[PDB]
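Shown here is one chain on its own, the form deposited in one PDB entry, set out as structure tokens.
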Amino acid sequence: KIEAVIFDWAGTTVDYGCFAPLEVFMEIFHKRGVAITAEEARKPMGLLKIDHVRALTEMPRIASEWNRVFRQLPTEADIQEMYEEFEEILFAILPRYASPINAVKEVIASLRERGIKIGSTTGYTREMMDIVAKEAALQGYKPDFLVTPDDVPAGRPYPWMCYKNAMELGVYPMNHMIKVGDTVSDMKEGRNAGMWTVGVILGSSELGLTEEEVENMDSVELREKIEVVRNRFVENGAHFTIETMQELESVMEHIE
């Protein structure tokens, strides 16, 4: 079994902690006087950027807090406007948060050795990826194929992007594919796609941590946190959790 692996981008292979979009989601909302936590603004991470914005205006607190200031819930105009602001800020600093996360490369290197194809589903737009891919390639990492919510009719909770990878790589049986990701969104996407869903933790968005505070964080603590991210993935569709790409192969191994 297993003829192909499909990787999330920002959080699984590139951008540790998935930080590019973070402050921005918070920024646009703060200019309106709403203010949300780095937590909420990271719940629906995985979705098509605009959907991600739309989801933020829909959470009760946010959606309520909003009403308390404008005396009415958020309009398309608003969100549509908020996205336009997001679109240019994120677009400007997007080049930085783009270097591959410490580990992957060797793993892909290994995976391609046993003749395994590498696909790639993502939350960024086509216009965005153009960027993230060039530099990500320049730093070594060029999956065999890339899909975006533009290529298909719908965002990410749907398998749609995955199908296009399978169609492109040329692997028939949906259950001959591993889906590695770092968010709740991916879990579903993998399960809905009918694939083996693996979910990395350290570097993920879930855990949501950099380094000078993971590699410089108190044992228990961190272990206690990994343990919180691990459950979320499992209790959200996920057949296996991992603490990093090094442990991936072994999972494939066990899928026998």
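Note that residue numbering begins at 1 and tracks the sequence as displayed.
- Of the two segments, 158-166 and 171-179, the one listed with the higher mean B-factor is 171-179 (C-alpha atoms only).
- 120-128 and 140-148 differ in mean CA B-factor, and the higher of the two is recorded for 140-148.
- Out of 218, 39, 65, 212, the entry records its largest CA B-factor for 218.
- Comparing the C-alpha B-factors of 22, 245, 10, 238 in the entry, the top value falls on 22.
- The deposited CA B-factor of residue 189 belongs to the middle third of values across its chain.
- Among the modelled residues of the chain, residue 231 sits in the middle third by CA temperature factor in this PDB entry.
- In the PDB entry, residue 81 places in the lowest third of its chain by CA B-factor.
- The entry lists a Cα temperature factor for residue 73 that places it in the highest third of the chain's modelled residues.
- Among all modelled residues in this chain, the alpha-carbon of residue 101 has a temperature factor (C-alpha) in the lowest third.
FYI, the form deposited in another entry isn't displayed, but the following is about it.
- Of the two rigid parts that shift between the shown form and the other one, one contains both residue 120 and residue 227.
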